[PDB]
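S.K.: The structure under discussion is supplied below as structure tokens; questions concerning it will follow.
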Amino acid sequence: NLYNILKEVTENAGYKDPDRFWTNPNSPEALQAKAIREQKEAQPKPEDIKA
Amino acid sequence: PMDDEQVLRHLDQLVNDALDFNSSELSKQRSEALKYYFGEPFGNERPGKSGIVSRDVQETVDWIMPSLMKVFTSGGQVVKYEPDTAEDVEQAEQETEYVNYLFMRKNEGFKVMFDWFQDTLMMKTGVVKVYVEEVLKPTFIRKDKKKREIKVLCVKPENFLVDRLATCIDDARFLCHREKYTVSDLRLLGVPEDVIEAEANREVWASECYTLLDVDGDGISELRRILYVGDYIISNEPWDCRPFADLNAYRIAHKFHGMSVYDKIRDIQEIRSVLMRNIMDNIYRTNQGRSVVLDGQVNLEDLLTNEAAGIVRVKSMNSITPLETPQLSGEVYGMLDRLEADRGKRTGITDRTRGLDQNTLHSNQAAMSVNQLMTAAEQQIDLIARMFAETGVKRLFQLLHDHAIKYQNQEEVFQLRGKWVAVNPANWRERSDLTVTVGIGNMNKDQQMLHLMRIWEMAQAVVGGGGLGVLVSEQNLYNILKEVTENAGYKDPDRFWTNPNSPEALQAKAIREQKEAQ
Amino acid sequence: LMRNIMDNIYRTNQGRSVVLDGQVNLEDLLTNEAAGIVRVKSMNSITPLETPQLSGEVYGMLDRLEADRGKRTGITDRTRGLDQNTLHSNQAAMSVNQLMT
Amino acid sequence: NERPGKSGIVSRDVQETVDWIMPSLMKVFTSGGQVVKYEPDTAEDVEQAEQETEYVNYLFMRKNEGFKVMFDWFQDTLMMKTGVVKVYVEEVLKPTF
Amino acid sequence: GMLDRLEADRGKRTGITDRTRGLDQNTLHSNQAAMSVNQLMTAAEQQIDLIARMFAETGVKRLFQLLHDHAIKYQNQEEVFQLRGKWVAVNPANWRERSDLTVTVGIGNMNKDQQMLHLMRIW
Amino acid sequence: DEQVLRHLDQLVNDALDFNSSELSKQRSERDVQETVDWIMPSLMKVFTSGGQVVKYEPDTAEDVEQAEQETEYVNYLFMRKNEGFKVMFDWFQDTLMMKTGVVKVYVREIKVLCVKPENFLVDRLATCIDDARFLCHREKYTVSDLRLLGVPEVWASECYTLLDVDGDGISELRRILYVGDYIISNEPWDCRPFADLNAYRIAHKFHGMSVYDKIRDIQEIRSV
Amino acid sequence: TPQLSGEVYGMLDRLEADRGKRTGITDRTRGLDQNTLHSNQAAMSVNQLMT
Amino acid sequence: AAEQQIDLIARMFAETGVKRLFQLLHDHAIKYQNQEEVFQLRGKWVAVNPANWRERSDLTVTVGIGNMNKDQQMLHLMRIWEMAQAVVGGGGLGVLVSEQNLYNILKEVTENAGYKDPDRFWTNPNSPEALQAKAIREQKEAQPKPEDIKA
């Protein structure tokens with residue numbers, strides 16, 4: 555719903571779909587981001603030479 | 009039932025009546041307005057009196073016009089067809105750029121607006137004419189002949205006769221527009237006798288008539304344009320429409336023509352001129368010395384020193400008396416501030432074309448003194464520009480008429496080389512002016528700082544916690560950067576930083592990311 | 354009010370017969386309602402013939418009338434915002450909501 | 052009530068009121084089609100309400116004589132005390148030829 | 413303040429608004445570029461017609477004797493900011509924000525960052 | 012020596028009725066004595082700085098034919114060769130003084197001549213400044229004219290009008306000099322060596338307005 | 404002619420102030436703040452003097 | 455005071471001195487000598503070859519054109535002072551009457567005092583040192599602001 559806040563802000567600006575999407579509510583790219591791309595960049599990412 | 013040779017005399021009778029109807033009132037009004045514009049005397053000046061005149065239309069015109077020039081001529085994106093979305097480059101973008109060359113860079117440039125906007129400001133209306141012309145000079185390899193083109197011009201607005209029951213451009217039962225058409229051009233057209241009249280040009284003023292009648296003895300058909308000479312032999316064919324603009328410029332009620340700043344401000348400038356003339360009278364007459372007679376008889380002091388009061392004081396022995404004739408009040412000069420507020424607030428609220436500072440820098444506190452004081456709280460000039468565009472789209476539509484009829488198989492060079500047949504295009508009869516005028520369309524500074532404060536920086540602040548993984552991708556940020564660069568003056572070449580989406584970027588982006596991830 | 358102000362200034366700017374009594378029938382009725390310069394009548398001296406000027410306090414109503422001319426529906430000043438010298442400062446909620454719209 | 056031979060100056064005051072009332076209505080109503088909503092049942096909105104409200108909007112957005120009609124509304128209301136328009140139906144053409 | 417009031421055609425018409433003017437000057441320049449350059453077009457037409465074997469002067473580059481196949485004479489030069497109107501919008505923010513929050517030049521930026529010098533170091 | 016000659020002579024004689032007899036009043040109303070030095074003298078970079086403001090740029094048929102060579106050659110006449118930078122700004126000076134600037138290309193090579201546009205007599209009504217009813221210019225043309233072929282107080286030349294003096298097939302524009310007892314040489318060209326460029330505020334009239342023209346009241350109000 | 408007194412304007416002002424005191428209290432009921440702006444000192448002068 | 459008769463006397467002697475000043479024109483035209491003056495500068499040239507010109511005017515002395523001391527004092531010191539302050543404040547500095555004319559507008563007081571050259575800095579009729587100082591000021595006050603982002 556923070557994304558809904560941002561989408562309302564952008565609608566106030568006047569950019570619904572193309573320029574400022576800022577919605578990503580539940581979409582396969584958004585699903586793979588929040589559940590995999592963000593998660594695979596947080597849980598298993600700290601495995602560098604420092605680890 | 010046949011109606012032949014009667015239309016000649018009928019419109020001959022109509023011309024004089026229409027001229028009596030129009031020129032007596034409207035021509036006199038606009039000519040008086042022009043005389044006011046060029047400081048012709050108003051009547052309050054008398055011999056040995058003031059001479060100050062009213063000169064105020066100049067500054068309001070010179071405050072309104074530059075904004076119109078800076079807002080109109082900006083790229084070739086002024087008018088968008090907005091057709092069905094998928095196939096647009098074939099006609100929606102091709103024909104706009106086609107009319108870009110055939111209107112801009114070919115026909116007088118943006119000076120056409122400078123030759124028509126004043127008509128919408130001085131003449132209460134600006135009405136263009138769209139006319140056919142032919143091009144020549146083949147091989148005399186360039187074996188191309190009889191080229192066709194069409195331009196747009198004035199017809200001396202004093203020569204725009206309209207019927208008495210039209211009130212709209214596409215309602216004129218009678219229309220008349222006349223041009224020079226020298227006698228050598230008549231001989232080019234094979235005129236077989238003399239004219240209405277040492278010089279080949281015998282003062283021939285050819286008249287063009289747009290009227291609908293019944294020559295074929297059938298139902299009332301479309302108008303047939305007539306090229307007259309002296310109320311004589313004609314050239315009539317089934318025509319298409321009226322190639323005109325008719326910018327009322329204020330959208331008055333349903334009348335033939337609209338109204339101008341002249342009709343608004345003639346009386347205000349008249350009272351201003353009267354005030355200045357009376358101020359000069361206070362300076363001049365009220366400050367006259369005389370013979371300085373206490374009472375005296377002296378035949379009214381030698382009849383006011385022979386109606387002059389210049390140099391005489393001999394009455395009998397009169398003592399020192401300045402003889403100060405009573406003068407004007409002190410509020411007359413203080414009335415200047417009130418009347419300046421009265422008139423400047425009408426349409427030129429930006430005193431000296433702009434509102435800015437010299438002592439303190441104009442920062443951007445919050446919402447930019449919101450939206451430029453709400454576009455100076457909806458200045459009427461913006462709405463006048465909106466009406467200008469919404470009615471001048473008719474110019475493009477009239478162009479597209481003849482383009483779809485027949486022009487050429489010409490090729491143009493917008494952003495590339497190689498274009499194709501425009502012999503049989505689609506007009507699409509649908510246009511738009513969304514991002515140019517009163518429509519939401521946040522202005523240059525407004526959009527700039529709005530994006531800077533609430534889009535450019537809010538994202539850069541929120542990215543600290545969540546990150547760009549789900550937030551704005553690179554392509555959208557680059558689109559915002561691209562519009563920012565266009566706000567800097569040039570869309571592409573101002574500040575590239577671009578690389579939005581391409582194998583030279585996206586594939587390069589992936590391979591570079593894996594380069595730094597190994 | 355504008356008509357009366359302009360007619361006051363017209364009557365004041367117009368000259369007189371420059372006479373106290375005269376014997377030329379008001380100097381030919383002010384030179385046939387003109388009265389440019391005529392003082393030769395009998396013995397009258399050149400006198401500007403002052404006229405009672407109106408009260409300036411009448412102007413004190415015009416601005417009030419200005420308020421009247423907006424008090425009905427549009428007393429808002431010209432509905433055009435101009436900030437030349439001092440910018441639009443805001444403390445909290447923009448003086449809330451621009452004085453509640 | 053004009054007296055000839057003197058100043059017959061007529062001060063125009065209504066024009067300012069009308070000409071600064073006009074832009075407010077224009078600015079309010081000349082922005083897309085956000086002005087009017089159809090308010091459907093919560094479960095299904097775009098299926099028949101959003102699409103058809105935007106359809107009617109386009110039938111007033113650039114598919115029917117633009118916004119000069121709105122200006123005529125407002126002029127006829129403010130000046131002649133009442134603004135009225137009519138909505139009629141015409142036939143379309145361009146068959147095979 | 414009578415003289416100052418009557419000077420509306422002296423100070424205000426002179427394109428002075430406490431340095432906040434010049435639209436009259438810009439309009440005059442654009443009109444001259446669209447009117448005086450017509451004299452240049454006429455001169456070129458006369459040199460094509462009433463002259464032949466033309467040359468070049470003060471540059472010693474190359475003589476254009478003949479073969480003027482075509483010409484589309486028009487100008488566009490009055491569309492620039494005054495001193496920093498086109499820069500102050502994103503002058504100190506692009507380099508200090510785009511590469512600061514996300515220092516990933518190449519993915520999130522471009523080589524045109526060097527062009528920043530062309531707008532900052534150069535000027 | 013036909014009726015065309017008499018018509019041209021009468022047109023030249025009656026040309027100066029208003030072209031150079033009433034526009035001079037647009038000179039004084063003074064303010065341009067510093068306003069020009071505040072705008073025109075500082076506009077040196079506006080006119081005489083830049084080769085992109087003056088660009089030909091034709092279509093794909095001719096793109097690298099004379100794109101820069103023509104501009105480079107013309108840049109000589111732009112400054113220091115013929116009608117130089119000061120002489121080109123003389124057009125703006127004449128626009129500030131008599132509400133119109135002139136660059137008259139009177140002519192293998194030509195030069196923008198006829199400075200001091202107060203010598204631009206016309207038929208008192210042009211409305212086009214390119215294709216008017218008639219046009220003229222003032223030249224000295226003294227008696228000592230050994231340079232010219234035959235010419236033996283007298284100041285009259287260049288009677289190039291758009292009237293019916295062509296005699297060939299139509300009322301065409303053939304350039305010729307003044308009569309001078311039949312001393313005019315034909316030249317069938319449409320050069321029309323005149324500009325009449327107001328370049329400040331030019332409507333559909335004979336000529337535009339000057340800086341002092343818009344400040345006529347201020348001329349006697351800012352000093353008197 | 405017998406000119407009217409200058410206190411008639413005071414009579415107009417008194418009658419207008421009386422009318423305002425009766426029903427239309429707030430002066431013009433409008434806010435035009437271009438140079439003179441409200442200053443926050445305590446709870447917005449609290450609640451604009453309790454409305 | 456409606457062409458005071460003292461001002462009449464001054465006007466008519468000012469205009470009748472034109473002939474006796476034509477006499478001095480003739481005296482200069484025939485021959486005097488070829489030295490230099492003693493006013494406004496060090497060094498002047500020879501003007502012993504003039505043209506009679508048959509025309510001379512003395513209209514700048516009295517209530518005629520005549521910018522007399524009373525009118526100059528009052529008109530300048532009140533009206534042109536107010537107008538100059540208005541122009542400088544919000545009327546404009548680089549477009550309207552500027553320093554190059556402010557020197558002239560402020561030299562009027564010095565002319566009333568009689569000293570032209572050595573009192574005020576405001577002369578610059580055509581001065582190279584003032585232009586060089588202006589260029590130096592621009593160079594020394596422009597650079598740091600661009601340099602801040604140039605780093």
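Chains as they are written, first to last, in PDB author numbering: chain G, 555 to 605; chain U, 9 to 148, 185 to 241, 277 to 597; chain V, 354 to 454; chain D, 52 to 148; chain Z, 413 to 535; chain R, 12 to 40, 63 to 140, 192 to 236, 282 to 353; chain P, 404 to 454; chain A, 455 to 605.
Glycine is no exception: its CB is placed at the ideal position from the N, C-alpha and C atoms.
1. Between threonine 93 of chain D and chain V, is any beta-carbon pair separated by less than 7 Å?
2. Give me the Cβ distance between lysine 561 of chain A and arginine 574 of chain A, rounded to the nearest whole Å; I'm assuming they're in contact under 8 Å.
3. Rounding to the nearest angstrom, what Cα-Cα distance links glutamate 457 of chain U and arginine 433 of chain V in this structure?
4. Within 10 angstroms of the Cβ of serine 58 of chain D, are there 16 or more other Cβ atoms? Answer buried if so, exposed if not.
5. Would you kindly work out how many angstroms separate the C-alpha atoms of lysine 394 of chain U and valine 371 of chain V, rounded to a whole number?
6. Taking a contact to mean a Cβ-Cβ separation below 7 Å, would you say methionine 522 of chain Z touches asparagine 578 of chain U in this structure?
7. Could you name the residues of the segment 542–575 of chain A whose beta carbon sits closer than 9 Å to any beta carbon of chain U, in the order they occur along the chain?
8. Apart from the five residues on each side of it in sequence, which residues of its chain come closer than 7 Å, Cβ to Cβ, to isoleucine 428 of chain V?
9. Alpha carbon to alpha carbon, what distance is there between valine 86 of chain U and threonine 81 of chain D?
10. Taking the alpha carbon of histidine 441 of chain U as the point to measure from, which residue in Z:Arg533, Z:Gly497, Z:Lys524 has its own alpha carbon closest?
11. Does the distance from the CB of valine 391 of chain V to the CB of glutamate 403 of chain V come in under 7 Å?
12. Compute the beta-carbon to beta-carbon distance between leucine 129 of chain U and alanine 328 of chain U, rounded to the nearest angstrom, for a pair I have assumed lies under 8 Å.
13. For the putative contact between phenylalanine 218 of chain R and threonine 290 of chain R, defined by C-beta atoms under 8 Å, what is the C-beta separation to the nearest angstrom?
14. So with Cβ pairs under 7 Å, would you call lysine 114 of chain R a contact of chain Z?
15. So that I know if they touch, is there some Cβ in chain U lying closer than 7 Å to that of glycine 518 of chain Z?
16. Does the contact criterion of 3 or more C-beta pairs under 8 Å hold for the segment 436–453 of chain P versus the segment 447–457 of chain Z?
17. Please report how far the alpha carbon of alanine 567 of chain G lies from the alpha carbon of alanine 501 of chain Z, in whole angstroms.
18. Checking the sheet assignment: what are the DSSP bridge partners for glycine 134 of chain U?
19. Anyone know if the C-beta pair for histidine 221 of chain U and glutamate 287 of chain U falls short of 7 Å?
20. With distance defined between alpha-carbon atoms, name the residue in U:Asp64, U:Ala94, U:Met73, U:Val107 nearest to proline 504 of chain U.
21. State the Cα-Cα distance for the pair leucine 475 of chain U and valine 492 of chain U, rounded to the nearest angstrom.
22. For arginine 303 of chain R, I'd like the list of residues in its chain whose CB is within less than 7 Å of its CB, leaving aside the five on either flank, ordered along the chain.
23. Sort U:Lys190, U:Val196, U:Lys132, U:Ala100 by Cα distance to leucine 110 of chain U and report the nearest one.
24. Could you tell me whether any Cβ in chain A is nearer than 7 Å to the Cβ of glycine 497 of chain Z?
25. Kindly indicate the opening and closing residues of the beta strand (DSSP E) around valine 206 of chain U.
26. My guess is that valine 283 of chain U and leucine 230 of chain U are in contact by the Cβ rule of under 8 Å, so how many angstroms apart are they, rounded?
27. What is the residue span of the beta strand (DSSP E) that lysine 195 of chain U lies within?
28. Beta carbons nearer than 9 Å to chain D: which residues of the segment 204–237 of chain U have them?
29. Residues of chain U with CB under 7 Å from residue 187 of chain R, in chain order?
30. By the 10 Å Cβ neighbour count, where 16 or more other Cβ atoms means buried, how is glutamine 21 of chain R classified, buried or exposed?
31. Go through its chain and collect everything with a Cβ distance to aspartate 207 of chain U's Cβ below 8 Å, but skip five positions before and after it.
32. Please classify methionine 121 of chain R as buried or exposed, where buried requires at least 16 other C-beta atoms within 10 Å of its C-beta.
33. I'd like to know if residue 365 of chain Z contacts chain R, where contact means its C-beta is closer than 7 Å to some C-beta of that chain.
34. Can you find a C-beta in chain Z that's less than 7 Å from the C-beta of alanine 540 of chain A?
35. 7 Å is my cut-off, CB to CB: does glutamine 21 of chain U come that close to chain Z?
36. Tell me, please, whether the CB atom of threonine 426 of chain Z is closer than 7 Å to any CB atom in chain B?
M.R.: Well, looking at it:
1. Interface residue (Cβ-Cβ distance to chain V less than 7 Å): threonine 93 of chain D is not classified as such.
2. Between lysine 561 of chain A and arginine 574 of chain A a beta carbon distance of about 7 Å is seen, short of the 8 Å cut, so the two are scored as contacting.
3. About 7 Å.
4. The residue in question, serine 58 of chain D, is buried, as its Cβ has 16 or more Cβ neighbours within 10 Å.
5. Roughly 16 Å between the two C-alpha positions.
6. Yes. Within cutoff.
7. Here the close residues are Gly543, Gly544, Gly545, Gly546, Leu547.
8. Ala420.
9. Rounded to whole angstroms, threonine 81 of chain D to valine 86 of chain U spans 18 Å at the Cα level.
10. Nearest C-alpha to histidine 441 of chain U among Z:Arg533, Z:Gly497, Z:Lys524: Z:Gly497.
11. No, they are not a contact pair.
12. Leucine 129 of chain U to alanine 328 of chain U, Cβ: 7 Å. Contact.
13. Taking the Cβ atoms as the reference, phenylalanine 218 of chain R lies roughly 4 Å from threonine 290 of chain R, within the contact range of under 8 Å.
14. For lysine 114 of chain R, the answer is yes, since a Cβ of chain Z falls inside 7 Å of its Cβ.
15. By this cut-off, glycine 518 of chain Z is an interface position.
16. A contact is defined here as three or more CB-CB pairs under 8 Å, and the segment 436–453 of chain P fails this definition with respect to the segment 447–457 of chain Z.
17. Their backbone Cα atoms lie some 18 Å apart in a straight line.
18. Residue pairing by DSSP places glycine 134 of chain U opposite U:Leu326 in a beta bridge.
19. Going by C-beta atoms, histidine 221 of chain U is nearer than 7 Å to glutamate 287 of chain U.
20. Looking from the CA of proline 504 of chain U, the closest CA among U:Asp64, U:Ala94, U:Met73, U:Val107 belongs to U:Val107.
21. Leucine 475 of chain U and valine 492 of chain U have their C-alpha atoms spaced approximately 20 Å apart.
22. Same-chain partners within the cutoff: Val294, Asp295, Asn315, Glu316, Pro317.
23. Residue U:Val196 holds the alpha-carbon nearest to the alpha-carbon of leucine 110 of chain U among U:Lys190, U:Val196, U:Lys132, U:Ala100.
24. Taking Cβ atoms only, chain A never reaches closer than 7 Å to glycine 497 of chain Z, which makes this a no.
25. DSSP places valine 206 of chain U in the uninterrupted beta strand (DSSP E) bounded by 204–206.
26. Indeed, because the Cβ distance is near 7 Å, the residues count as touching under 8 Å.
27. Per DSSP, the continuous beta strand (DSSP E) segment holding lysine 195 of chain U begins and ends at 191–197.
28. Going along the segment 204–237 of chain U in chain order, one finds no residue with a Cβ nearer than 9 Å to chain D.
29. Coordinates for residue 187 of chain R are absent; the numbering of chain R skips from 140 straight to 192.
30. Under this definition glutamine 21 of chain R is an exposed residue.
31. So the list reads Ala26, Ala216, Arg217, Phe218, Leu219, once near-sequence residues are dropped.
32. Buried, since its Cβ has 16 or more Cβ neighbours within 10 Å.
33. Outside the shown range of chain Z (413 to 535) lies residue 365 of chain Z, about which nothing can therefore be said.
34. At a cut-off of 7 Å between C-beta atoms, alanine 540 of chain A counts as an interface residue with respect to chain Z.
35. With 7 Å as the cut-off, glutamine 21 of chain U does not count as an interface residue toward chain Z.
36. The structure shown contains no chain B; its protein chains are G, U, V, D, Z, R, P and A.
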